**Student:** 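One structure coming up, written as structure tokens, with questions to follow.
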4 protein chains.
Amino acid sequence: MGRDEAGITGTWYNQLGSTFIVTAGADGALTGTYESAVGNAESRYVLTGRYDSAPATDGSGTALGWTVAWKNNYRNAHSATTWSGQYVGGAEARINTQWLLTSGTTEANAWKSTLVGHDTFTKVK
Amino acid sequence: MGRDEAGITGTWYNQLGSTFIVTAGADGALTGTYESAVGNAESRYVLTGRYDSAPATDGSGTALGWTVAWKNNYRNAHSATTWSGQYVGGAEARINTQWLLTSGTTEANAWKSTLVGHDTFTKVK
Amino acid sequence: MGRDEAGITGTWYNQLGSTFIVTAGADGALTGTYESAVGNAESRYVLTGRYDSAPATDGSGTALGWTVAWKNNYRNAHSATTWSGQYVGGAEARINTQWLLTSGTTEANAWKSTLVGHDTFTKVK
Amino acid sequence: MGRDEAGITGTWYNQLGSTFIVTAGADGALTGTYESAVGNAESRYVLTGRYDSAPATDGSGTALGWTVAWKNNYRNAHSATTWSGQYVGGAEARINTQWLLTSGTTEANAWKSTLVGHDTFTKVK
Ligand SMILES: O=C(CCCC[C@@H]1SC[C@@H]2NC(=O)N[C@@H]21)NCCCN(CCc1ccccn1)CCc1ccccn1
Ligand SMILES: O=C(CCCC[C@@H]1SC[C@@H]2NC(=O)N[C@@H]21)NCCCN(CCc1ccccn1)CCc1ccccn1
Ligand SMILES: O=C(CCCC[C@@H]1SC[C@@H]2NC(=O)N[C@@H]21)NCCCN(CCc1ccccn1)CCc1ccccn1
Ligand SMILES: O=C(CCCC[C@@H]1SC[C@@H]2NC(=O)N[C@@H]21)NCCCN(CCc1ccccn1)CCc1ccccn1
Ligand SMILES: [Cu+2]
Ligand SMILES: [Cu+2]
Ligand SMILES: [Cu+2]
Ligand SMILES: [Cu+2]
Ligand SMILES: [Cu+2]
Ligand SMILES: [Cu+2]
Ligand SMILES: [Cu+2]
Ligand SMILES: [Cu+2]
């Protein structure tokens, strides 16, 4: 199994009130659903990603990332967000991320296609 | 099937000489392998992502993203890259991306954990 | 004078323990010094930037940005950081930023030239 | 004088057709005007920044950054862009940048306050 397979698997909440439900596979797979508290989004969206299943043992975090395309049976916001970050274990486990949200645009509007931000996920709240 | 399922599926090359091999699913899934021409990487790595399988019909691109965790049977660079961008069809199809590469770090080094960059993928070269 | 000229001018501290000393001009100028608690840096470095001297009056923040080139009389880290963000007034005034740190590189290493991160500045601590 | 003071000073054009007019000071100062071909912008805006006035001599680029607040006598877009990048000399001199465009927002909209992108500047076109 992945070193932090058990630590990552479960339900996570970020500072916006969004909910990230993920299962970590022994190989490095991440699968689950994402529910955003903000934006052009309703209910759950499929997510898939990857994590380092054998991280360093020197106190470093565990690198990971995942993607949501903002289309489900209710809405399509013609956009995708990728979160890139690291999982930090301990009494107050966290996933610290930065993210890129690209919207499909015309070529004329490509310069304003991508938002950047940062989300911190915790196991409570 | 996804509107650009056929357009996205296949082999892609970026400006660094890296190779991105992907299969787009009818639902929005992306699966494949990534081979980086630079960095602490050798051979192919698993990737997984998502794309908008029903994009706008007004000339906008198709939003997508995917993740590579840089661990395979040869190396582990304790890091993950996510690419966020859009697919643009036509005679010269392109996937235009920006990316975030997060390395697992100690808490003291978290401020320098994440590189940002941009890759353009084409079907030739 | 700028609407938040008085609110921005002064000494600010971020979550790393760095110190940002700035004077806002009536026109939109920002001038001052930056002292980083981390990285290849010692003592104060010149900074210069710009802010919106007539922001919206609807409760929106005040957009601003500034640059430090990491050369002073003690060290040269061959790099520059730009912070882009917004000033938020009130009892707990804050400057919320994201930043890009580019190092001079060879062309072969340009893909790993730029770190991205986020700093929050407060008037205390 | 700065090692690339003469190389940086002058008029630069990016891929959008915007015009960047800058003077590099011997100390590391950058001053000038920016005219954007896209967005909520008309005519010239003040810019100020910093560059490494004594870069490495090993073939590395020269790190630099600058800021524009998008207010002038014609318009105010309540936003600021910072470009962070490096100057590369030679027959085809370039300034390769990534940028962050933050708009003043309410706290509820802060998650969508910042665009990210990349501009390449050349001395022709
Ligand atoms: O909301 C979405 C899907 C939801 C995205 C939620 C984000 S993921 C990062 C973060 N962490 C989180 O938990 N939740 C947020 N996708 C289109 C994102 C359109 N713009 C902004 C929102 C909006 C809502 C309605 C109408 C127009 N926009 C993108 C910014 C932009 C740039 C240029 C022109 C227009 N818009
Ligand atoms: O190379 C990797 C895996 C390969 C990543 C390849 C990138 S994906 C984005 C881009 N598009 C592409 O096709 N290919 C590149 N992951 C660790 C990335 C360590 N640093 C830089 C490289 C390195 C190689 C050897 C020793 C040290 N580093 C990250 C930057 C950093 C910050 C602070 C301290 C140290 N390093
Ligand atoms: O430290 C600096 C100057 C200090 C920068 C301080 C940052 S500004 C953003 C943040 N907010 C803050 O208050 N403080 C920090 N500039 C070179 C930054 C070299 N790398 C990482 C540090 C380092 C220290 C010693 C030896 C090597 N690196 C950049 C990452 C990288 C990528 C690839 C290869 C190598 N390094
Ligand atoms: O245009 C501006 C000023 C011009 C900025 C020009 C950019 S600098 C980076 C790049 N290189 C360049 O040479 N030129 C461009 N500042 C507000 C930028 C508002 N949004 C997008 C544009 C817009 C125009 C009219 C009405 C609404 N927007 C920001 C994206 C966003 C996110 C969420 C909600 C709404 N908008
Ligand atoms: Cu190891
Ligand atoms: Cu806008
Ligand atoms: Cu639609
Ligand atoms: Cu370094
Ligand atoms: Cu206004
Ligand atoms: Cu490295
Ligand atoms: Cu040197
Ligand atoms: Cu929008």
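All values below were derived from every heavy atom in this structure, side-chain atoms included, with hydrogens, water molecules and symmetry-related copies excluded. Numbering of ligands and ligand atoms starts at 1, following listing order. Residue numbers start from 1 in every chain, and the chains themselves are labelled A, B, ... in the order their sequence lines are given, proteins ahead of strands.
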**Student:** For a quick test of reading the model, state the closest non-hydrogen atom pair linking D/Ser36 to D/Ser18 and the distance between them.
**Tutor:**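 The pair with the smallest heavy-atom distance is CA-OG, 3.4 Å.
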
**Student:** Taking the inter-plane angle between the rings of D/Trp83 and D/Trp66 on a 0 to 90° scale, is it parallel (under 30°), tilted (30 to 60°) or perpendicular (over 60°)?
**Tutor:**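 D/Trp83 vs D/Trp66 ring planes: parallel.
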
**Student:** With under 30° as parallel and over 60° as perpendicular, where do the rings of C/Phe121 and C/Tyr34 fit, or are they tilted in between?
**Tutor:**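 Correct class here is perpendicular.
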
**Student:** Could you tell me whether the side chain of B/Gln15 and the main chain of B/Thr120 form a donor-acceptor pair under 3.5 Å?
**Tutor:**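 Between the backbone of B/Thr120 and the side chain of B/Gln15 there is a qualifying donor-acceptor contact (under 3.5 Å).
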
**Student:** Just to be sure I understand the site: which N, O or S atoms from the protein are less than 2.8 Å away from the Cu ion (ligand 11)?
**Tutor:**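 Correct list: C/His78 NE2.
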
**Student:** Quick one: do B/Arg75 and B/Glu42 make a salt bridge, cutoff under 4.0 Å?
**Tutor:**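 A salt bridge is present here (some side-chain N lies under 4.0 Å from a carboxylate O).
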
**Student:** Are any of the side-chain nitrogens in D/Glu92 or D/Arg94 under 4.0 Å away from the carboxylate oxygens of its partner?
**Tutor:**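 Judged by the 4.0 Å cut-off on N to carboxylate O distance, D/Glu92 and D/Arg94 do form a salt bridge.
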
